[PDB]
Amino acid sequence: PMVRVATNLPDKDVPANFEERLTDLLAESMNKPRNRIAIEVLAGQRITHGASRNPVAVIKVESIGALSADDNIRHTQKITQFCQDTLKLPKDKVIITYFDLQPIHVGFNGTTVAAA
């Protein structure tokens, strides 16, 4: 999985252990090994929702499977609660997109996942 979290909160409001705790959460929810999870954090960014600059997170989640309709309800419940607890965002200020990827469309260790 490859996760991007962008927020207009300042970098100092995203605790240093954010990536590591989000990696655990997704490892568990998506049944994926921790060494196959990358997290990007972009804090202090210009972001608006409804043209408002109130605190918000816009999140992208890519994974080779583990993203069925019912999985995504669970990932969303968990990620949203996690952003409430660690970022103090309201439940309605956490916007997530999922991308369900084929193994021919990911490259790792010098070749694609399908050709590993």
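Don't overthink the numbering: it's just position in the shown sequence, from 1.
70-78 and 28-36 differ in mean CA B-factor, and the higher of the two is recorded for 28-36. Per the PDB record, of the two stretches 84-92 and 58-66, 84-92 carries the greater mean B-factor over its C-alpha atoms. Residue-level temperature factors show residue 2 in the middle third of its chain, judged at the C-alpha atom. Placement of the Cα temperature factor of residue 19 within the chain: lowest third of the modelled residues, per the deposited record.
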